[PDB]
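Coming up, as structure tokens: structure 1 and structure 2, two forms of one and the same protein chain.
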Structure 1
């Protein structure tokens, strides 16, 4: 019965291992969702920039004509 501290240790470490694996799955899912969102925000910014640069040059050529 002295070796019963050994049994509680196995049970505690089992839960610790499950927690470690669950945190790694959660981190992977968090980072993937974060990447997806950041990729979307990058595309929108690149789109807004492209439209703004077009409008900038349009106005520049209107002004040069007057």
Structure 2
């Protein structure tokens, strides 16, 4: 009965630091995915150019 209130109060107190860390984590995850995609594209392009060159 009382646990919901206690946990709710717990998640609210000084949540600026945890929110900041979580946000930074989100940003880094996005940047990671984007970099992996960029590496995939760059590798495909590299292979295609290496294919054009054999001529």
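In this text, the rigid core denotes the largest set of C-alpha atoms whose superposition between the two forms falls within 1.5 Å. Residues that one form lacks are left out of the comparison. Numbering follows the first chain given and starts at 1.
Residue displacement note: residue 45 has its CA displaced by under 2 Å between structures 1 and 2 (rigid core superposed).
When two forms of a protein are overlaid on their rigid core, residues whose CA moves 2 Å or more are considered shifted, and residue 56 is not one of them between structures 1 and 2. On rigid-core superposition between structures 1 and 2, the C-alpha of residue 20 is found to move 12.0 angstrom.
At a threshold of 2 Å in C-alpha displacement, with the core superposed and only residues shared by both forms counted, 11 to 24 is the one segment of at least 3 consecutive residues that shifts between structures 1 and 2.
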